[PDB]
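As a starting point, one isolated chain is supplied in structure tokens, in the form deposited in one PDB entry.
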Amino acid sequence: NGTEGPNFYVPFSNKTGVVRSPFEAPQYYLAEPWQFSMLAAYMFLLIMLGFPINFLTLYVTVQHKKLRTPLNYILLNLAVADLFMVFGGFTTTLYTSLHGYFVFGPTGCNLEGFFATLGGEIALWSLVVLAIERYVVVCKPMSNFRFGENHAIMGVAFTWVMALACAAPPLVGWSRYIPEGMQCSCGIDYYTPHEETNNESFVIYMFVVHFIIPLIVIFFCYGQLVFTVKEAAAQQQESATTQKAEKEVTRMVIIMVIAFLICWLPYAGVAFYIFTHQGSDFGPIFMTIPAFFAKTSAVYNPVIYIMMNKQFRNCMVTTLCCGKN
């Protein structure tokens, strides 16, 4: 059903002699041109919505001192992550999608895949680290401990280490970056069993270390937090404000957990199917179904984690309305 070569895999059979290198000729045989136009349109959407919302976060952080607290660093980190998702991934894929194929060759594939994977992993591990920080600060699990600047910096560096420990192996021999789906964007190889780079062990290490571990850490930390808040509000039913707080905190934890699942579950499940029923017939459009949900997390992660944060909100309505409110 496919068509392989030295540094790619076109999910389209060369029985008709039409398949060409995704680095060299347009792939209008695995998708009409208008579908490449819609690919470019969606990239345009993700840039027009994703760049303002994420850059503005860093901006208002520069304007408002009450935002430059350590328990906010990871949020800033998230914004930077999304910008790596925007300029390392979304814009490149816009340009290449407008040509019908990946014009920047194998090296450009390694770059666009390295920065797209990097940004996405920084975002994910920032979500995990944030959950850990809120568990520690709110649940008070260690005797005589308060959260300082050095702890926050440590957390950000941990996100960077977990990201590099997930984006660098394909550049040096563990798995590899190849054009995915409609061959216009580059990603981690999990649809060929390429033994020379040991794709199977890397895909297992992804699913276990960079999916199961974060999932468990988030669910644990936020379950513990909702327990703590529920329990305190139970011991304080005379305080209506504590009741409000219990409600809002529960609703937010549900929103964040469900958003995490919507974001990373399709990628894990579809990729795991392409690595459990591997080798079959996979429409490029079928291949771009989890990447949709994951890539849109550069837009709704700032909406959930920043725009729904009363501090950041306030400072943004202040900045955009250039003075008051």
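Basically, rigid core = biggest C-alpha set you can superpose within 1.5 Å across the two forms. All residue numbers refer to positions in the sequence shown, first residue = 1.
Engineer: Mean CA temperature factor from the deposited coordinates, higher in 277 to 285 or in 30 to 38?
Structural biologist: Higher mean C-alpha B-factor: 277 to 285.
Engineer: Comparing average C-alpha B factors as deposited, tell me which of 236 to 244 and 73 to 81 sits higher.
Structural biologist: Per the PDB entry, the higher value belongs to 236 to 244.
Engineer: Which one of 108, 89, 193, 223 shows the top CA temperature factor in the record?
Structural biologist: Across 108, 89, 193, 223, the entry lists the biggest C-alpha B-factor for 193.
Engineer: Between 258, 291, 48, 67, which one tops the list for Cα B-factor in this entry?
Structural biologist: So the option with the highest C-alpha B-factor is 291.
Engineer: Just say lowest, middle or highest third for the CA B-factor of residue 185 relative to the other modelled residues in its chain.
Structural biologist: Answer is middle: the recorded C-alpha B-factor places it there.
Engineer: Among the chain's modelled residues, which third holds the C-alpha B-factor of residue 15?
Structural biologist: It belongs to the lowest third of the chain when residues are ordered by C-alpha B-factor.
Engineer: How does residue 115 rank on Cα B-factor within its chain, lowest, middle or highest third?
Structural biologist: Within its chain, residue 115 is a middle-third residue by C-alpha B-factor, going by the deposited values.
Engineer: Among the modelled residues of its chain, does the C-alpha B-factor of residue 21 lie in the lowest, middle or highest third?
Structural biologist: Tercile = lowest for this residue's CA B-factor.
Engineer: What third of the chain does residue 267 rank in for C-alpha temperature factor, lowest, middle or highest?
Structural biologist: For residue 267, the deposited C-alpha B-factor lands in the highest third.
There is also a form deposited in another entry; it is not shown, and the following applies to it.
Engineer: After superposing the two forms on their rigid core, pick out the one entry in 165, 255, 98, 157 with a CA shift of 2 Å or more between this form and the one not shown.
Structural biologist: That would be 255.
Engineer: Look at residue 319 and decide if its Cα position differs by 2 Å or more between this form and the one not shown after superposing on the rigid core.
Structural biologist: Passes the 2 Å threshold, so yes.
Engineer: Rigid core superposed, CA of residue 37 - does it shift 2 Å or more between this form and the one not shown?
Structural biologist: No; residue 37 is a residue whose C-alpha shifts by less than 2 Å between this form and the one not shown when the cores are overlaid.
Engineer: Cα of residue 70 displaced 2 Å or more between this form and the one not shown, core superposed?
Structural biologist: Yes; that C-alpha moves by at least 2 Å between this form and the one not shown.
Engineer: Classify the change in Cα distance between residue 250 and residue 79 in the other entry as closer or farther, relative to the shown form (magnitude of 3 Å or more).
Structural biologist: Note: Cα gap between residue 250 and residue 79 shrinks in the other entry.
Engineer: Between residue 314 and residue 249, do the C-alpha atoms lie closer or farther in the other entry than in the shown form, with a difference of 3 angstroms or more?
Structural biologist: It is closer: the C-alpha separation of residue 314 and residue 249 falls by at least 3 Å in the other entry.
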